[PDB]
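All remarks here apply to the structure that follows.
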There are 2 protein chains.
Amino acid sequence: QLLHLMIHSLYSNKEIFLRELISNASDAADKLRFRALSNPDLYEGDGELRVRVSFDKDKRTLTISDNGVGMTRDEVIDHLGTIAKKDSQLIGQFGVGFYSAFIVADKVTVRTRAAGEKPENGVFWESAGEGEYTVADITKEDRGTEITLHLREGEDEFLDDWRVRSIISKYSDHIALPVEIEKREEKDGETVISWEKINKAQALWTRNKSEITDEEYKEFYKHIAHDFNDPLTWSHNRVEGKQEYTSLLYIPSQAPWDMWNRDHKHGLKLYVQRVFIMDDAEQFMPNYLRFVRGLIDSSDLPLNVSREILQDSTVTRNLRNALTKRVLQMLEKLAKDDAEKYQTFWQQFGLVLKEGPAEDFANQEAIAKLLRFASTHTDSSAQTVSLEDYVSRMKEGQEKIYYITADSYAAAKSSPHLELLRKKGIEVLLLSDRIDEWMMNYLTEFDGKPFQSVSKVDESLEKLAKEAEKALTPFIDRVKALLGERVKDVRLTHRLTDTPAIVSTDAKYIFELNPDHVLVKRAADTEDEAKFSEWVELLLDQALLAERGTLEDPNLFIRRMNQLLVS
Amino acid sequence: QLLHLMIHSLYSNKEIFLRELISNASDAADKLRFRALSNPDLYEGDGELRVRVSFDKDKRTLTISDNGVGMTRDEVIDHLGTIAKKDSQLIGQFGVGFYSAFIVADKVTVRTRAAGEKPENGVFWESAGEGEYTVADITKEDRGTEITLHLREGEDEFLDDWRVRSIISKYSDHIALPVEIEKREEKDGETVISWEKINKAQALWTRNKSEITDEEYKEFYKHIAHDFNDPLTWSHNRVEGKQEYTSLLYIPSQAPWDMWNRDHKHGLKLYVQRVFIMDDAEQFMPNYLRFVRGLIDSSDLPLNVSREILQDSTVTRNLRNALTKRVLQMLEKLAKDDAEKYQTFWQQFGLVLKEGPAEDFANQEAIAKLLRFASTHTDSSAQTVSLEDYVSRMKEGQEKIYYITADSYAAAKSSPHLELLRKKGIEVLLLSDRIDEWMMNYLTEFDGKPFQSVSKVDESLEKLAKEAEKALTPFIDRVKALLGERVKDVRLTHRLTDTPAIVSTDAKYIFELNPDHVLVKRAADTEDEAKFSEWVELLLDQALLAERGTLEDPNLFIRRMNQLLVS
């Protein structure tokens, strides 16, 4: 996680630390304001919660001091000293700030006092970034945390009133916490201090969709999803009545590490009356949409809600399905708006969506519409085509959608099953993904047209000369005598293709041959019993290798083929 | 077990029941005489233990009455009534008798009284063979068992004094228990009863090897091994001194059902001073000889011996290794005497012997000598050849014995590895058995000549023109450019054979080619880059299929080959 944190902790853009810290400042406020309810005293009278930035020209320090929830010693040791010489859940929001901060500064100093704790139990922390941190019990009367930055020789860039104020607003905007800054005017005798907020300060989601710029939207995704790839696109939707909730969903441009662990990240940030209640709550998404990220501010749920109350009760189930559609909404929408970006989304989340048709039955059609496959239309492994792109191609009588389920692209693309339809002028869905085979067990019918796998048949190829069939009946008898009962039967089918023969099965195998193939004719010219049996044995062993990719005596097949070549 | 019990319970030969019953009579005596020691009273004064046969002309019944150990009710119910409407361990000795008896008789009546039990707790048993048996508490003063046979209409054959006496001795001979029979002479007033034994009565193994006929030896194997295939051959050996023990081992002609279970049968019958002590004790064989069957009469072991004392102590370990050699002795011997019968033994026990070289290190050479493989000498899957038969073929400089380890005959026989030596004029051991691969890890060296698998190389083929090698170095470069790094290297070896190319590995793969093959020349004539790559790709994919029997994209390989054929 941190490596591709570092690449842009560079950015070359440096000033990043400030943002990331303000992020921390906010989340701090939240966790505080949350913990408030269960012990209304922790505010200690000081209820105007905020964050004040300051700086000293002579000692050359920048100084971010919030009055959130602060830290217990153990927390300072468990976090800051897990950064010196769960844990990635601290590196989550906090890591970026740390390392980034040490880009601009050469000594960093923390000075906390966790909300509620006695002012003697405050804490102190310092390091020159090296393999060494220094932590000590100290006193700090106020509540919260104070971070101070010994600036590195030659970064006076950050002592410039205008530069800082700028760098502030360039993030302060999308942030719910009042971000003040040091206004000191020195008159002779009265060196007067006051603090001015550069921030509108208002939960961005509680604001109205018109005034919220794309910037505020993107950067807000950063701050809530601990990612700094820009998001793909979002959904800011309010609701009044019984269910009065606001909700704001995003869709990431790039999928996280632990998407393919059974260890989470997922969930949405659940507020109740503009008050944080928990991060990464995962009731409000179906598991086939887990990649959804964002928050939801309900005015209906209990003020003492738990993950138990959520998971069990019913207002959740409703809230879920609603948000679900909201998301499918967002995707269909993005699908038609910026197909460039959706192609991105698909390459980044398809495999998870594909879980959907089995899970959320209700919206099954809508989900299908979102899928994006690859097909014989173009010989690229790229998964561009859609179910409409397919129906839009269909020919008369083509009442089913034809697909194949392999283990990889080249495989499916090589399969003989294809050439029947590739010749007759049809389109074939190439499902060269792991899950696909399971998917189809639920992806039964779309747009009135059912799905039917080439790897079998019924009344699909039942419709899709007879004298060659006649002479084929003497040939058939010759074969049935040649083998007998290693094969359940012998048939002559017109899976035209360029492959001679093929085994099949019902709902040992059934041997099938193609009257129109050169090898079939050059094996029909055979009277010599040696080559007769040799050819036929080759063909059977072949169709086996084609349907199982393994042979009893491989070296034998190899020997036979190599013989008929040189001769 | 019973089905191939029935086939010869037929025999057509009928009279079999009598034998099988007398068998029962003996074993009965034994278990009794054994139980005697731990409670010397059970003899009830009656110490002349025996078995008396009688018969009634008018009621038409034959009547075998032994004074062994009898049966508790529960035993009569658990055994005889497991035969009506462990358990195969009762069907072991007893089943044959039962069913056979009901061949000659139409009602059978048992009448027991288990040794020690009160005469009121005797038991009674009867049936017309059908799905119905009848058992009742009864009184019988004497100890032991009495079996009575209501003879079937038209089998008066068995009421004939001479017929019976004959049928008696035709088994009584090899049996250790005195087999008496009813001598009644009717004088007017004195209808006098006495009993005359038709049996020498003496533990056949305690007798001397000269007087014991082959009959007595074979039939005795029957009686101890509950089998009535004739044995293959045996070993009757006595020992005096510290270890004074007699021992008599056999080797079955046919291997039992449960040879290939992890549920036993094996073990030898351990006597201590001519007194049975336990059947199927398996300390006195190594597990690679478990198919050994027979008994051993020690005069040294404790009179209160357990399987614990046996397995743990040391006199066993000695006794074992001794008997072990005795068995290898017996086999070498049979190997040279009747190669017809040994071929039988091998077909019937080889796979178990083959466990040996890993287990019994001491006799490892001797064991090897016994093995019997199959080799290119003749294209039959039959495993006739031996390690001497091989050395007796060897050519100058051939310092190693060459073998191949496959999954089946045709496989190993098809392998390309062979043709190098098949051409250069050598012999190849075909090990197409499961265990072989494990065996060789211990079967390192024999008769000074080591073993070396064709499936690898060292200084074996290091010894077993250079201008073709030169031009091959331009060709090699062309190939190394064609592929690059899907193969660790490209080489040209002279594994002459008729196979073009082959991958190898050390102690991805290494690609190797045969300058002398037609396909190699017809691929050296190639300038067209399309076929150039097409040929080479084919060759690589081939050698893969040859060394793994599976391909990434099989249908592709198939397509390529089929193309080059028709074109």
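Following the order of the structure tokens, first chain is A, next is B, and so on, with residues numbered from 1 inside each chain and ligands from 1 in the order they appear.
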Next on the checklist: Could you pull out the strand (DSSP E) residues of stretch 130-171 of chain A, going by DSSP on the backbone, and write them as a PyMOL selection string?
Outcome noted: chain A and resi 134-138+144-151
Item to check | Residues of chain A within 6 Å of chain B, counting only C-alpha atoms, as a PyMOL selection string | outcome: chain A and resi 411+414-415+546+549-550+553-556
Item to check | Contacts of residue B:68 at 8 Å (only C-alpha atoms; same-chain gap of 6+ positions) as a ChimeraX atom specification | outcome: /B:25,28-32,49-50,115,143-145
Need the shell around residue B:136: protein/DNA/RNA residues with any atom at most 10 Å away, counting only C-alpha atoms. Skip same-chain ones fewer than 4 positions apart. Format as a compact mmCIF listing (two decimals) with N, CA and C atoms, in the first residue's frame?
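Done, and the output landed in around-v1.txt:
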# COMPACT_ATOMS: atom_id res chain seq x y z
N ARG B 73 -24.00 -69.66 24.71
CA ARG B 73 -25.19 -69.34 23.93
C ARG B 73 -24.89 -68.19 22.98
N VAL B 76 -23.11 -69.07 20.05
CA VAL B 76 -23.94 -69.83 19.13
C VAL B 76 -24.85 -68.88 18.35
N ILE B 77 -25.32 -67.85 19.03
CA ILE B 77 -26.19 -66.85 18.41
C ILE B 77 -25.39 -65.90 17.52
N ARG B 111 -25.16 -78.99 19.17
CA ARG B 111 -25.47 -79.27 20.57
C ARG B 111 -24.23 -79.08 21.43
N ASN B 121 -26.32 -74.70 31.30
CA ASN B 121 -26.13 -73.58 30.39
C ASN B 121 -25.65 -74.04 29.02
N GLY B 122 -25.72 -75.35 28.77
CA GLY B 122 -25.46 -75.86 27.44
C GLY B 122 -26.36 -75.18 26.42
N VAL B 123 -26.20 -75.53 25.15
CA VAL B 123 -26.98 -74.91 24.09
C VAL B 123 -27.38 -75.89 22.99
N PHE B 124 -28.42 -75.53 22.25
CA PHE B 124 -28.92 -76.36 21.16
C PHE B 124 -29.23 -75.49 19.94
N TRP B 125 -29.05 -76.05 18.75
CA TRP B 125 -29.19 -75.30 17.51
C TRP B 125 -29.61 -76.21 16.37
N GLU B 126 -30.54 -75.74 15.54
CA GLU B 126 -31.06 -76.54 14.44
C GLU B 126 -31.54 -75.66 13.29
Item to check | Computed interatomic separation between atom CA of residue B:529 and atom CA of residue A:560 (Å) | outcome: 26.4 Å
Next on the checklist: Just list as a VMD selection string whatever in stretch 377-500 of chain A DSSP marks as helix (DSSP H, G or I).
Outcome noted: chain A and resid 387 to 391 409 to 414 416 to 424 436 to 439 466 to 482
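Between atom CA of residue B:342 and atom CA of residue B:434 the interatomic distance comes to 21.5 Å.
Across A:45, A:356, A:81, A:302, the tightest approach to residue A:290 is made by A:356 when counting only C-alpha atoms.
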